[PDB]
Amino acid sequence: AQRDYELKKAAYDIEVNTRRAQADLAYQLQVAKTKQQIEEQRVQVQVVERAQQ
Amino acid sequence: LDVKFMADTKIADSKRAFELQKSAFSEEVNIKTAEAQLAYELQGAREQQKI
């Protein structure tokens, strides 16, 4: 009876840990994507600055 | 004493069946325990790829 319960617990824990790992790291991925858009415009100022110089 | 030793044998044969099955069940538990512990890295390393 203990074994029958232990195996389902471990089986469900695989999915819970998997989904938690995804959710945990989901923030930094978007932070990278957002910075990707930002940096393009940060250095775009250099182009405009040089053009007036 | 003759009956004693015979009683001790039947207690041992009962012991035998139990410890044998504990071992079989523990193998299964131990196996899926490792996976439950390490799944965070299997997913973590896989997510660092996109990051």
# chains A, B, ... in the order shown; residues from 1 in each chain; ligands from 1
>>> interface_residues(of="chain A", to="chain B", cutoff="6 Å", atoms="only C-alpha atoms", output="list in words")
residues 10, 13, 14, 17, 21 and 29 of chain A
>>> atom_distance(atom1="CA of residue 1 in chain A", atom2="CA of residue 17 in chain B")
16.2 Å
>>> atom_distance(atom1="CA of residue 35 in chain A", atom2="CA of residue 48 in chain A")
20.3 Å
>>> atom_distance(atom1="CA of residue 19 in chain B", atom2="CA of residue 3 in chain B")
24.5 Å
>>> decode(residues="range 8-50 of chain B", atoms="C-alpha atoms", output="CSV table (one decimal), in the first residue's frame")
chain,number,residue,atom,x,y,z
B,8,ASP,CA,12.7,-20.4,14.4
B,9,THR,CA,12.9,-21.7,10.7
B,10,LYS,CA,9.2,-20.7,10.0
B,11,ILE,CA,9.8,-17.3,11.5
B,12,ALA,CA,12.9,-17.0,9.2
B,13,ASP,CA,10.9,-18.1,6.1
B,14,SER,CA,8.3,-15.4,7.0
B,15,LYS,CA,11.2,-12.8,7.5
B,16,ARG,CA,12.7,-13.8,4.1
B,17,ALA,CA,9.5,-13.0,2.1
B,18,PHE,CA,9.1,-9.6,3.8
B,19,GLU,CA,12.7,-8.3,3.4
B,20,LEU,CA,12.8,-9.6,-0.2
B,21,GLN,CA,9.6,-7.6,-1.0
B,22,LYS,CA,10.9,-4.5,0.8
B,23,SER,CA,14.0,-4.5,-1.4
B,24,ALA,CA,11.9,-4.8,-4.6
B,25,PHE,CA,9.7,-1.9,-3.6
B,26,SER,CA,12.6,0.3,-2.4
B,27,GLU,CA,14.3,-0.1,-5.8
B,28,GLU,CA,11.1,1.4,-7.5
B,29,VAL,CA,10.9,4.2,-4.9
B,30,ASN,CA,14.7,5.0,-5.2
B,31,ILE,CA,14.5,5.0,-9.0
B,32,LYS,CA,11.7,7.6,-9.2
B,33,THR,CA,13.1,9.6,-6.3
B,34,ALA,CA,16.3,10.4,-8.3
B,35,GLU,CA,14.2,11.5,-11.3
B,36,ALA,CA,12.1,13.8,-9.0
B,37,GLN,CA,15.2,15.4,-7.6
B,38,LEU,CA,17.1,15.9,-10.8
B,39,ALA,CA,14.1,16.9,-13.1
B,40,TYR,CA,14.7,20.6,-12.1
B,41,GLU,CA,18.2,20.5,-13.7
B,42,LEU,CA,17.0,18.5,-16.8
B,43,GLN,CA,14.5,21.3,-17.4
B,44,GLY,CA,16.7,24.1,-16.0
B,45,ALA,CA,19.6,23.3,-18.3
B,46,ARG,CA,17.2,23.0,-21.2
B,47,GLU,CA,15.7,26.4,-20.5
B,48,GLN,CA,19.1,28.2,-20.2
B,49,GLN,CA,19.5,27.2,-23.9
B,50,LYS,CA,16.7,29.7,-25.1
